[PDB]
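Take a look at the structure set out below.
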Amino acid sequence: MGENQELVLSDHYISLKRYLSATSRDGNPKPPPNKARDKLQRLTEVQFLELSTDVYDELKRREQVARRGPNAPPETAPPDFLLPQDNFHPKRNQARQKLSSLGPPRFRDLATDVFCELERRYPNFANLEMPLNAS
């Protein structure tokens, strides 16, 4: 254990890589035809972390939904969007709702942009490590 924002983004990076890998063979290193990393530079690091967290949170919520997809009762069926809470600011809640509203292609692009940004910003993320699946 330790305290490092890089480690937090490392988990996000790994999660994004697995997410992208699970949704794409990754035969194209640059999926989008257009790029604009300068757009992501129009925000602060904290805002960037907030966006990274929002993306991460969206990813885990979708995974939970998928897990509770088949062979799951409707009583414990999760929402198709993040429900608002007073613990979180309403603007942030709306932002999260927008992520849910966005379909997979747009979201995938967001994931790709964040993933690429993290890889470019942290070149050492290209030399982290990945887990293995076994059953």
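So basically every Cβ, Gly included, is an ideal-geometry build from the backbone, and we count neighbours across all protein chains shown. Where a number appears in this text, it was derived from the coordinates with a stated rule and is not lab data.
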Report summary line: Residues of the stretch 38-57 being farther than 22 Å from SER100 by Cα, of a type in the set (S, T, N, Q) and part of a helix (DSSP H, G or I), in sequence order, are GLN41
Query raised in the report: Does any residue of the stretch 64-75 turn out to be within 12 Å of the chain's Cα centre (by Cα) and in a helix (DSSP H, G or I)?
Result: no
Query raised in the report: What are the residues in the stretch 81-113 that are among the charged types (D, E, K, R) and either surrounded by 10 or more Cβ atoms within 10 Å (Cβ to Cβ) or part of a helix (DSSP H, G or I) (or both), if any?
Result: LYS91, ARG92, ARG96, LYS98, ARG106, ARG108, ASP109, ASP113
Requested in this report: Might you check whether a residue that is surrounded by fewer than 14 Cβ atoms within 10 Å (Cβ to Cβ), farther than 20 Å from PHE125 by Cβ and over 12 Å from the mean Cα position of the chain (by Cα) occurs anywhere in the stretch 5-23?
Outcome: no
Query raised in the report: Would you pick out the residues in the stretch 50-69 that are acidic (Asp, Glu) and surrounded by fewer than 17 Cβ atoms within 10 Å (Cβ to Cβ)?
Result: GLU50, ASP57, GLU63
Report task. Could you list, in sequence order, all residues of the stretch 90-131 that are free of Cβ contacts under 8 Å to residues at least 12 places away in the same chain and in contact with a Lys or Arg (Cβ under 7 Å, 6 or more places away or on another chain)? Result -> none
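Which of the following residues is out of contact with any strand residue (DSSP E or B) (no Cβ under 9 Å at 6 or more places or on another chain), in a helix (DSSP H, G or I) and within 23 Å of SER10 (Cα to Cα): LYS35, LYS60, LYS30?
Only one candidate qualifies: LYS60.
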